[PDB]
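Undergrad:
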Amino acid sequence: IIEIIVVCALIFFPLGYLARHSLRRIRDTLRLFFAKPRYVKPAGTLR
Amino acid sequence: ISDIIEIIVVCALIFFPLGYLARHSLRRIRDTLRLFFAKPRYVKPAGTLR
Amino acid sequence: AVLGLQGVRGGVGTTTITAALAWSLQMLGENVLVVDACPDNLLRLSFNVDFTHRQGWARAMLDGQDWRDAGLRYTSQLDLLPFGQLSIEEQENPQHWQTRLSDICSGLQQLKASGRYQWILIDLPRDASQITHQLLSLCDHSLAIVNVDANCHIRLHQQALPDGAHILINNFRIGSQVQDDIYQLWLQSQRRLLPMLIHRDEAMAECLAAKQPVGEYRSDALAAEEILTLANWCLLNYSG
Amino acid sequence: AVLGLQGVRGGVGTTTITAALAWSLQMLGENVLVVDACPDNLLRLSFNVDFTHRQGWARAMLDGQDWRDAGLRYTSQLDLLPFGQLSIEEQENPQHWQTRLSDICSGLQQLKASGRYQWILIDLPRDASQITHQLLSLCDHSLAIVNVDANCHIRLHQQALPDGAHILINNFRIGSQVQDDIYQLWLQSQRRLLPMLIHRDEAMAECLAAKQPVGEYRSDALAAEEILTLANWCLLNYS
Amino acid sequence: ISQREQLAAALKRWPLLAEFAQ
Amino acid sequence: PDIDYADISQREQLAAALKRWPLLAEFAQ
Amino acid sequence: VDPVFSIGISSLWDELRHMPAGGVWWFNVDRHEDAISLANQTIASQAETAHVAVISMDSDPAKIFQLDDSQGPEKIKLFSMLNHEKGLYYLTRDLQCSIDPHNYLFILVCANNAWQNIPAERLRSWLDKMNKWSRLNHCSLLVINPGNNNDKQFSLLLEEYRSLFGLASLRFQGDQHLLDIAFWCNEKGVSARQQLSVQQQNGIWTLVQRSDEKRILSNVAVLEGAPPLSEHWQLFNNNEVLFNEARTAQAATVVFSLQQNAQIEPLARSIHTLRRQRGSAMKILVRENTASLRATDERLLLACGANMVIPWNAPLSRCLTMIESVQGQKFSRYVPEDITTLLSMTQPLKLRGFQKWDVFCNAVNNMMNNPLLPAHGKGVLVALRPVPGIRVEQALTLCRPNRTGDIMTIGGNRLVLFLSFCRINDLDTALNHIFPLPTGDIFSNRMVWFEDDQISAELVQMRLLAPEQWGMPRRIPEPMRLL
Amino acid sequence: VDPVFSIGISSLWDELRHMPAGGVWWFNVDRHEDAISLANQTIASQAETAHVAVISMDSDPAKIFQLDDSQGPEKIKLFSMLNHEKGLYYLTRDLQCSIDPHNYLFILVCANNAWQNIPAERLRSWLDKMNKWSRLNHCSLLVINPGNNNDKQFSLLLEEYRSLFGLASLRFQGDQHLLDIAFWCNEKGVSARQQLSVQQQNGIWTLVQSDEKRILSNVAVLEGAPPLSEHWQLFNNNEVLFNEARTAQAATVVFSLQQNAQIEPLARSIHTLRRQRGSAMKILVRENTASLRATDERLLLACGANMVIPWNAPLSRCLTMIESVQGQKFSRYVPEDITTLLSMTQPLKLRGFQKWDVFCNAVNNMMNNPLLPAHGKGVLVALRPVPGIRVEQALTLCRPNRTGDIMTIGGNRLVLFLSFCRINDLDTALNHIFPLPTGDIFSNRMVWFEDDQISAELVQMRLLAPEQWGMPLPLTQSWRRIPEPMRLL
Ligand SMILES: Nc1nc2c(ncn2[C@@H]2O[C@@H]3COP(=O)(O)O[C@H]4[C@@H](O)[C@H](n5cnc6c(=O)[nH]c(N)nc65)O[C@@H]4COP(=O)(O)O[C@H]3[C@H]2O)c(=O)[nH]1
Ligand SMILES: Nc1nc2c(ncn2[C@@H]2O[C@@H]3COP(=O)(O)O[C@H]4[C@@H](O)[C@H](n5cnc6c(=O)[nH]c(N)nc65)O[C@@H]4COP(=O)(O)O[C@H]3[C@H]2O)c(=O)[nH]1
Ligand SMILES: Nc1nc2c(ncn2[C@@H]2O[C@@H]3COP(=O)(O)O[C@H]4[C@@H](O)[C@H](n5cnc6c(=O)[nH]c(N)nc65)O[C@@H]4COP(=O)(O)O[C@H]3[C@H]2O)c(=O)[nH]1
Ligand SMILES: Nc1nc2c(ncn2[C@@H]2O[C@@H]3COP(=O)(O)O[C@H]4[C@@H](O)[C@H](n5cnc6c(=O)[nH]c(N)nc65)O[C@@H]4COP(=O)(O)O[C@H]3[C@H]2O)c(=O)[nH]1
Ligand SMILES: Nc1ncnc2c1ncn2[C@@H]1O[C@H](COP(=O)(O)OP(=O)(O)OP(=O)(O)O)[C@@H](O)[C@H]1O
Ligand SMILES: Nc1ncnc2c1ncn2[C@@H]1O[C@H](COP(=O)(O)OP(=O)(O)OP(=O)(O)O)[C@@H](O)[C@H]1O
Ligand SMILES: [Mg+2]
Ligand SMILES: [Mg+2]
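So the sequence lines, in the order shown, correspond to chains F, S, Q, W, V, R, D and E.
Residues 7 to 53 (PDB author numbering) are what the first sequence spells out, left to right.
Residues 4 to 53 (PDB author numbering) are what the second sequence spells out, left to right.
Residues 2 to 241 (PDB author numbering) are what the third sequence spells out, left to right.
Residues 2 to 240 (PDB author numbering) are what the fourth sequence spells out, left to right.
Residues 39 to 60 (PDB author numbering) are what the fifth sequence spells out, left to right.
Residues 32 to 60 (PDB author numbering) are what the sixth sequence spells out, left to right.
Residues 5 to 213, 222 to 485, 506 to 515 (PDB author numbering) are what the seventh sequence spells out, left to right.
Residues 5 to 213, 223 to 491, 505 to 515 (PDB author numbering) are what the eighth sequence spells out, left to right.
(1) Going along the chain, which residues of its own chain have a beta-carbon closer than 6 Å to the beta-carbon of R45 (chain Q), five neighbours each way excluded?
(2) Which residues in the same chain as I467 (chain E) place their Cβ atom closer than 7 Å to its Cβ, once the five residues preceding and following it in sequence are excluded?
(3) Between the region 153 to 165 of chain E and the region 111 to 129 of chain E, can you find at least three pairs of beta-carbon atoms closer than 8 Å?
(4) Tell me whether the region 62 to 69 of chain W and the region 136 to 151 of chain W touch, counting them as touching only if at least three CB pairs, one residue from each stretch, are closer than 8 Å.
(5) Is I422 (chain E) near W482 (chain E), with beta carbons less than 9 Å apart?
(6) Which first and last residues belong to the beta strand (DSSP E) in which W29 (chain D) is found?
(7) In chain S, what lies closer than 8 Å to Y165 (chain E) by C-beta?
(8) Got a sec? Which residues, its chain only, sit under 8 Å from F343 (chain E) by beta carbon, not counting five neighbours each side?
(9) Would you list the residues whose beta-carbon is nearer than 5 Å to any heavy atom of ligand 8, in the order they occur in the chain?
(10) Starting from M334 (chain E), trace the alpha helix (DSSP H) in both directions and tell me its first and last residue.
(11) My output table needs one value for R306 (chain D): the three-state DSSP class, helix, strand or coil.
(12) Do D104 (chain W) and ligand 7 come close, with the Cβ less than 8 Å from some heavy atom?
(13) What I want to know is whether the C-beta of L431 (chain E) ends up closer than 8 Å to one or more non-hydrogen atoms of ligand 3.
(14) Report yes or no: is there a C-beta of chain F within less than 9 Å of the C-beta of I80 (chain D)?
(15) Roughly how many whole angstroms lie between the Cα atoms of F40 (chain S) and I103 (chain E)?
(16) Can at least three beta-carbon pairs, one atom from the region 177 to 184 of chain D and one from the region 177 to 189 of chain E, be found at a separation below 8 Å?
(17) Which of the three DSSP states is assigned to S40 (chain V) in this structure?
(18) Determine, using beta carbons only, whether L55 (chain R) comes closer than 9 Å to chain Q.
(19) Cβ-heavy atom distance between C411 (chain E) and ligand 3 below 8 Å?
(20) Between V46 (chain F) and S84 (chain D), is the Cβ-Cβ spacing less than 9 Å?
(21) Just checking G12 (chain W) against ligand 6 - is the residue's beta carbon closer than 8 Å to any of the ligand's heavy atoms?
(22) Interface residues of chain R around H142 (chain W) at Cβ under 7 Å?
(23) Check the Cβ of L87 (chain Q) against every Cβ in chain R and list those closer than 8 Å, keeping chain order.
(24) Between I436 (chain D) and ligand 1, is there a pair consisting of the residue's CB and a ligand heavy atom that are separated by less than 8 Å?
(25) Taking only three categories from DSSP, how would you classify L211 (chain D)?
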């Protein structure tokens, strides 16, 4: 009931905190995944 | 059962941006607290030596 | 009307002023005929006439030809009647031809009636000859051209000006104490003085060099404007 | 001896130059007599002769008197023979008295043969009169006075100067373009032109007002020095 | 009065004007 | 009188004077 | 822990050579080829475990950049961007998207005069953003800039020294290149205002182990009999051996001498060769002794690499003061590699005589639309209205052009003249040169067009004239009878 | 907009002295008394409107820190803290609590070996925080650390060049303090690795400390044109040039003469220079339009000038002659009295016609003066008139123009003495003193331009009967004149 709801706070409030603390990591990973190069197009790593 | 799951989801949803704004505005909160009284310890002003 | 110009002394500016006045009166939308009776024949050369041109009314009558064929058309409203050149034998013996030129008066009279020209300006010398007297008598009005110097001051008090002529001051200079004194004396000693005077303007000296009237050669010069004022005065006062 | 000054065109300054030349020569120690051949009688007024003095050689000849009594002595070395003021009627009809002045030529010949006068200046008119032709004929030298302008330049190519005359420039300005052009053309074309020229000076316009020759009026005047140089030149060449 | 004084001064200065003046 | 109009066009200043004023050139021909 | 990277210069001390990761370094180059060779030699210069990201513009990076088969890192990243400001702005995000940009090397090689279009404030902002991005990412960026007129940009870079961590410039000087290190900071200390000379051997840079700025090289005819004016004064007979000695010169002053018309082209070529072989440190001055120069020739010399051409009207020591004026100054203006395009601008019309209305309009419009001409100084268009009593054909007869660029056309009771490269002030002189009679007695009114827009408007207004109105080649008193 | 502050060092260039607001600078010293003095000098070196806050440890700053009563800001505010690391960590917050950090300078005075217990990593983090804080708040922080063995810490500071806007060291060396600036940054550039010495004098740290080719000329010597070379020094007028000349010993001096009135002062000055600064000097005169005759040129030459350049010669030839006089000592003698030279320029002082005895005596005296050049004193000319005119008339025909021209009449011979004239330019003088016809007036002339010839001619001229001595016509010949009638016969 109320106790379990409060317990959910002791999980999601710290989640929101650590998730925000890794904001740069999340942004970097998302940019890696989606991969939108608008103007700088890698021609290819040469040997 | 179903209502319990719904309420848990609702609580999680309300509390995620709660901590998101807690971290986002943490610097401003600390600054305001410093402004109010804080605790100006250690370094102490001696006087205005004119 | 017939306006006769004669100077109290040779070389005061009678011919130059005659040419300038004829040019100005013509520019005011009027037919003008200017006749040179002075034998020196220097009025032609102000109107871009070739020096070798010896034709003239005096010469036309001296050769028994018609004097009327010697006319020239300068502009649509200005005419010339050159005197003509005289030989050195003719120049050194003026009595042999002075009395043979009397017929020109009747021709001038019949022209004055022809109604063609609204002004008949005559350039006359001061030789006190029969021709000069007859032509001065023919003129309806007269203009005496003088300069502000001792010589003309004496001549005004020892020689007879034309009957009712107006004294026109020419070649007024700058910074001459004697000139100012004589002008002051004339301001109350002389009653026939015209209100307008022509200044010593380099344009007048150059105009004969350029074989043009001073009005045409340089209309912005002071002399051209003064001659314009004189032309207006002739219109307003010498109408009849 | 008999140095006749004649103007190419009236108003160049023949009379004032003649008076100045007489005064300059009399300063140089020569016996000078000036005889006015101009009927307008302006030469007398330049030697402090009153305007009322009607006597003159031409009037004396017309009236039958002796012209020898018509003279005035200005200084110990300068004598004047004025023409004499004529009546208005006489001026109106010059042909009634032009032919009656023949004896003046014989009188001037007698004065020249006298030797009392080492210089006899004559101020002449330009009217083509018989008397003036005779007077030029008796003249030993002639000076034609011109001014640097279009009028005199035009005249010099169409009117006959006396034979042997020298052209003198009077009323020379400063900074007149047409005048300078005519002067250079005259220098490079006119053979008889004299080396001296007389600048315009208020002294020459003021000399007649004071009834004095320009030399006596102001000896420091530039025109006075030019006239003195001309007098010396005449002494050197016209003697 | 300026013109008359100037005229008198000139007449005194130049005797030719004074001769014809009176 | 005595006029020597020959060999006039050999001088620059006289040439300019003749060019400026028609009367002088008219006499000089 | 983070490795340091080395610039690709042989015989260079580590103080000015090491670049620790976490900063921004800027390099300017005089020529594109020297920049690219420096890029390749930096490419071979990194260690085996070093990671390099290379950015290219307006070409394929896989075709122009190579790697040595013996030395260098195992693998480097070749990136291609459009020659636009947005690519440089997005560089950080675009590199993050495909690369985790921590402890990585970044080489920035741009096209020729690519940085000229970037505004100053935005350039400062981009530098600050790059600095923060690099410091946070602990990565290093190398900027290799071929440029000619970056003096204001160089002043900006000096004003932004906090954002940067090292600034150097390379100057071509005929046979060697000068490395001018304004400041360089690394893990081994800080150096400020170092000048060094380096040389290239088969596409390889070597340091050679300012000096002739004071020396003045001049022609004998420049000083009209004046001896050598100081110890730093040398005189040469003609501007040929002077050219050879200036080939050896680095920062001296060369004063050419102009006597005749024919000297212009060889002098133009020699100045072009010097300004291409040797950079802006040279001070090139052209002394005109005799009035045998056109304004277009002076513009040609200015474009060839001459600081200024001293007019013949000025006296000698005024020319010496002109020499003293360019002291401490660098020729920042751009000189095209091609020289023939410079001489083609001397006379682009080459048509003389009478021209028809259509032909004249076409020629003037073609000359006006030529991009390789000075603005508002291509020529002067004059319209003449003849005085009453004379026609346009008579005026056309009394009109004789003297230069190559003159064209004439009569139409609609009006005579049109076009003078090539003539200036507005010096128009009456040209008119007097062309017309035999003085201007003023032949025409009553004159309209003058000298600006590009005004001349174009006049041309397009003249074209709206119907045919049959075009054209092709003191009062005298008369006798009359008075009645 | 933000003011730029300065370090308290005397005789220091602004490159190593200016400290823009918004940066961190570190100073290391050898002595704590030297640290206190430097801190106090920094305090008193600031402007009136400058805002300064002071942070010190282990002492009361109110008693140990002093301010000058004549220079420095109106007031400063101090801060006292225990010798602890936590104060250094919290410095930013503690200063923000009491002071708005915008446009403020903070001095961090530390105790002896205070920075010994701070670890390297925490020191780096503290420096980074301070740098970011200063950039955010646009404030400058000064830390003065008294220490002896901070070599490792100094190396760490060198490695922290990103967060440090300047690192300097000051070490005691017996009599002077050596200032070694590893790197410095300000608004006027960046300097690195400089070693300087400063000395402590009465509480002020002060930084420690032929003309054969220099060319001295008037600016008018180069019309419009600025100097040829570096040694070429221009002067506005020929008095500042003269005044500078009192310091030269062998320099090349070129004066400018544009008017004749400026001849006497120029000659006198040249005399003074030749009499004062030895014979190693070279004096030159350069005309501009026309300012000298022959006699004045000789006056200048005797006054001390080695060479005079005529106005005809172009400037290039002027510089050429300048370079030609290079090896030329002035070996002539210059008298003490300039009055002799000034008198030499004109010995006659009488003009116009004179009596025959007067003419003879004056000419003889001028020819008897020892202080005149030989055979250049003047020309004695005898003119015999063309028989057309006499001699008094010829006298009336000549108007001499100069002071030294005199004339007489005697024995049908008008004599002219043109003082200071050459034989070649005799005709020019005669044309100037006569009408245009050059000597056409007279028949023959006899010219004597040598001293023996002139003296013998004078002796011959003295042997004349006084009866043939003339007088001018204008004076002898000479109110209004009234004509009197007379008969002509
Ligand atoms: N007074 C005057 N006349 C001018 C001027 N421009 C052209 N002319 C006249 O036009 C003729 C032909 O000049 P172009 O067609 O430009 O053809 C010219 C041109 O190609 C060349 N040239 C002459 N002077 C110069 C110069 O100063 N610079 C250059 N670059 N070429 C020159 O020599 C050719 C023949 O010229 P010229 O024999 O002198 O003959 C010249 C000259 O009589 C000018 O500014 N002033
Ligand atoms: N179409 C045309 N335009 C003309 C002509 N003469 C002058 N101009 C124009 O007027 C300007 C002044 O030329 P300048 O006073 O003769 O001064 C001229 C002249 O003294 C001399 N010069 C150059 N080329 C020639 C040439 O071919 N012949 C002569 N005689 N002089 C030349 O160098 C100067 C060069 O003048 P710019 O700087 O080009 O500038 C010239 C040009 O724009 C001409 O004959 N035709
Ligand atoms: N007594 C006398 N002698 C004369 C006169 N005119 C010329 N000379 C003599 O002739 C020489 C040449 O002078 P210049 O050709 O007129 O050339 C002169 C002239 O251009 C100028 N100059 C000198 N003094 C004066 C002066 O007082 N006035 C002017 N306007 N120029 C002067 O300096 C030049 C050099 O002349 P000098 O060295 O004096 O040397 C003079 C002098 O010996 C003169 O009026 N009186
Ligand atoms: N061409 C020429 N003319 C000469 C010469 N000597 C004298 N004159 C003439 O004589 C006038 C009087 O000069 P000054 O009595 O020597 O008295 C002179 C003299 O003291 C001085 N001065 C003028 N020019 C010069 C010059 O070039 N050198 C010197 N030393 N003094 C000069 O100014 C006074 C007035 O001279 P100016 O007003 O020019 O007027 C000068 C000039 O017209 C000469 O050598 N050449
Ligand atoms: N106002 C004036 N200003 C300047 N020059 C003038 C002026 N009036 C006349 N002149 C000049 O005076 C000279 C003589 O004038 P002009 O020949 O017309 O007089 P004139 O009395 O007709 O002479 P003459 O009858 O003797 O031929 C000319 O050169 C003329 O240009
Ligand atoms: N060189 C001169 N400078 C200034 N004024 C002069 C000069 N020469 C003459 N004049 C003036 O010119 C005028 C004419 O002089 P003058 O009376 O002698 O003339 P003229 O040729 O004899 O003829 P007329 O007697 O008919 O005037 C006088 O006012 C005189 O003062
Ligand atoms: Mg007339
Ligand atoms: Mg008279």
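Quick reminder that beta carbons are idealized off the backbone N, C-alpha and C, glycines included.
TA: By the coordinates alone:
(1) Within the third sequence, the letter at position 44 stands for residue 45 (chain Q). For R45 (chain Q), where only same-chain residues beyond five positions count, the Cβ hits under 6 Å are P83.
(2) Translated into the one-based positions of the eighth sequence, residue 467 (chain E) becomes position 454. The answer, listed in chain order, is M380, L393 and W461.
(3) yes
(4) no
(5) Counting from 1 along the eighth sequence, the entry for residue 422 (chain E) is found at position 409. Counting from 1 along the eighth sequence, the entry for residue 482 (chain E) is found at position 469. Going by C-beta atoms, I422 (chain E) is nearer than 9 Å to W482 (chain E).
(6) Indexing the seventh sequence from 1 puts residue 29 (chain D) at position 25. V28 to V33 is the span of the beta strand (DSSP E), which, as asked, contains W29 (chain D).
(7) Along the eighth sequence, one-based indexing puts residue 165 (chain E) at 161. Going along chain S, no residue has its Cβ under 8 Å from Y165 (chain E), so there is no contact; the nearest lies around 27 Å.
(8) In the eighth sequence, residue 343 (chain E) corresponds to position 330, counting from 1. Excluding sequence neighbours, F343 (chain E) sits near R287, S292, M294, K295, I296, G317 and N319.
(9) W:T16, W:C39 and W:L43
(10) Position 321 of the eighth sequence, counted from the start, is the residue given in the question as residue 334 (chain E). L328 to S337 is the span of the alpha helix (DSSP H), which, as asked, contains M334 (chain E).
(11) Counting from 1 along the seventh sequence, the entry for residue 306 (chain D) is found at position 294. Three-state result, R306 (chain D): coil.
(12) Here the question's residue 104 (chain W) lines up with position 103 in the fourth sequence. Flag unset: Cβ of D104 (chain W) not near ligand 7.
(13) Here the question's residue 431 (chain E) lines up with position 418 in the eighth sequence. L431 (chain E): yes, Cβ under 8 Å from ligand 3.
(14) Position 76 of the seventh sequence, counted from the first residue, corresponds to residue 80 (chain D). Yes, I80 (chain D) counts as interfacial toward chain F.
(15) Position 37 of the second sequence, counting from 1, holds the residue named residue 40 (chain S). Position 99 of the eighth sequence, counting from 1, holds the residue named residue 103 (chain E). If you take the alpha carbons of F40 (chain S) and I103 (chain E), they lie about 14 Å apart.
(16) no
(17) On the fifth sequence, position 2 is the one that residue 40 (chain V) refers to. Helix, per DSSP.
(18) For the purposes of this step, residue 55 (chain R) is identified with residue 24 of the sixth sequence, where counting begins at 1. True, the Cβ-Cβ gap to chain Q drops below 9 Å.
(19) Reading the eighth sequence from its first residue, position 398 is the one you call residue 411 (chain E). Answer for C411 (chain E): no, Cβ out of range of ligand 3.
(20) Position 40 of the first sequence, counted from the first residue, corresponds to residue 46 (chain F). Position 80 of the seventh sequence, counted from the first residue, corresponds to residue 84 (chain D). Yes.
(21) As a first step, residue 12 (chain W) must be located in the fourth sequence, where it is residue number 11. Yes - ligand 6 has a heavy atom lying nearer than 8 Å to the Cβ of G12 (chain W).
(22) Position 141 of the fourth sequence, counted from the first residue, corresponds to residue 142 (chain W). Here the premise fails: no neighbours, minimum Cβ distance about 16 Å.
(23) Locating residue 87 (chain Q) in the third sequence gives position 86, where the first residue counts as 1. Near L87 (chain Q) there are no residues of chain R at all, since even the closest Cβ is about 17 Å away, more than 8 Å.
(24) Position 424 of the seventh sequence holds residue 436 (chain D). False, no ligand heavy atom lies under 8 Å from that Cβ.
(25) Here residue 211 (chain D) refers to the residue found at position 207 when the seventh sequence is read from its first residue. Looking at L211 (chain D) - three-state DSSP - the assignment turns out to be strand.
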